[PDB]
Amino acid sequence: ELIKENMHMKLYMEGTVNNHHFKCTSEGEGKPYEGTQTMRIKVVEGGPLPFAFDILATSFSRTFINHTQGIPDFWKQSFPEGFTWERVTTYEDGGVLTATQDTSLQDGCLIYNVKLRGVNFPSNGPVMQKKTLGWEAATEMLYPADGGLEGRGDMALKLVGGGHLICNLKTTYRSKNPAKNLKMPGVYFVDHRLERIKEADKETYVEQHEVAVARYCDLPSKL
């Protein structure tokens, strides 16, 4: 209702990965009911990053998920209070990245605040050595649990020369107005495709774009 067919977003991000501190800001906009959005991102502190930008990718936008087939939109329903999420992402080579996000709506702009911490990335692994080429498409599984909804899913990070490094994502999404009576969904899925459209100055400017669609499992249930 407060989320209009086209919405702009502003974002602030602070983190430390493997003792390196940085800050990012970004702005962009999208079409919340299409499930599309574009972000223009600048590393404004600690640039250039001595680690692959790719690991920050998923920490810049849950409002912009096309809900098909009438799945209740956990995130769009949380306005005007908005929502938060917290994630732990675990790379199969030991890197661990925790991230917290607050999402709000002020004067019709979507505003994101992110804090994150990355530790234990191997010094000679592809993340610290920046040998990564973007994310494969991915599906996330979502389901009602404790505070709100949890998401689970793996993502494949592309490696130069081919190969992938896998990580696993565990997310808790919380509505800020807990009192608000939600229509909660059952168990479902969000298909995500997140792509880097452009970059500059050693990944110190990055244009990222994402399509995300919510769906049930479209298979017969002999039960």
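In case it trips you up, residue 1 is the first one in the sequence shown, and so on.
- In the deposited sequence, the stretch from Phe60 to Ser61 hides 1 to 3 residues that have no coordinates.
- Taking the PDB entry as given, 28-36 carries the higher mean Cα B factor of the two stretches 28-36 and 168-176.
- As recorded in the PDB entry, 121-129 is the stretch of 135-143 and 121-129 with the greater mean C-alpha temperature factor.
- Annotation for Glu92, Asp107, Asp102, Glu150: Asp107 ranks highest, by Cα B-factor.
- Reading the B-factor column for the CA atoms of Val44, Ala52, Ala156, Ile41 in the entry, the top value corresponds to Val44.
- In the deposited entry, the Cα temperature factor of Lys183 sits in the top third of values across the chain's modelled residues.
- Ranked within its chain, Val96 lands in the lowest third, by CA B factor from the PDB record.
- Remark: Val88 belongs to the lowest third of its chain, ranked by C-alpha B-factor as recorded.
- Among the modelled residues of its chain, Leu56 has a C-alpha B-factor that falls in the lowest third, as given in the PDB entry.
- Residue-level temperature factors show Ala200 in the highest third of its chain, judged at the C-alpha atom.
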